[PDB]
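Those sequence lines, one after another, are chains i and h. Oh and the first sequence: position 25 is 373 in the authors' numbering, straight run, nothing missing. Oh and the second sequence: position 12 is 13 in the authors' numbering, straight run, nothing missing. We treat Cβ as the ideally placed atom computed from N, Cα and C, and that holds for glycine. To start, the structure itself, in structure tokens.
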Amino acid sequence: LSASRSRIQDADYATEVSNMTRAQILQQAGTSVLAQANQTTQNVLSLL
Amino acid sequence: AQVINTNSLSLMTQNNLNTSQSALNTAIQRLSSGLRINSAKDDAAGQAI
């Protein structure tokens, strides 16, 4: 019974490490590209 | 023939800015999200599959 409940409830670790890495990289990229995109509208001012 | 009442190079240039301003948007989106097929606008059958 202990084995079967373990099969039901336990958490793997390899998958979670992989997910954590995947999530960190994407968060970092999003932050960089958001800075880049916010930086887009300044060139209007020179046009004046 | 110098006409003051209308300039026509400005319009020709304005169109090209709009042309580039969309490629910039698509690239930005694809880098931020992580996938290339973000809508049915992009590939009709690929989304289904």
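Under a three-way DSSP split, which group does residue i fall into?
i	result
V4 (chain h)	coil
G35 (chain h)	coil
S394 (chain i)	helix
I29 (chain h)	helix
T379 (chain i)	helix
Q22 (chain h)	helix
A359 (chain i)	coil
Spell out whether any CB of chain i is found under 8 Å from the CB atom of residue i.
i	result
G47 (chain h)	no
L10 (chain h)	no
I29 (chain h)	yes
What does residue i reach in chain h if we use C-beta pairs closer than 9 Å?
i	result
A377 (chain i)	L32, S33 and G35
Taking 6 Å as the limit between beta carbons, can you name the residues of its chain near residue i, skipping five residues before and five after?
i	result
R31 (chain h)	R37
Are any of the Cβ atoms in chain h nearer than 8 Å to that of residue i?
i	result
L396 (chain i)	no
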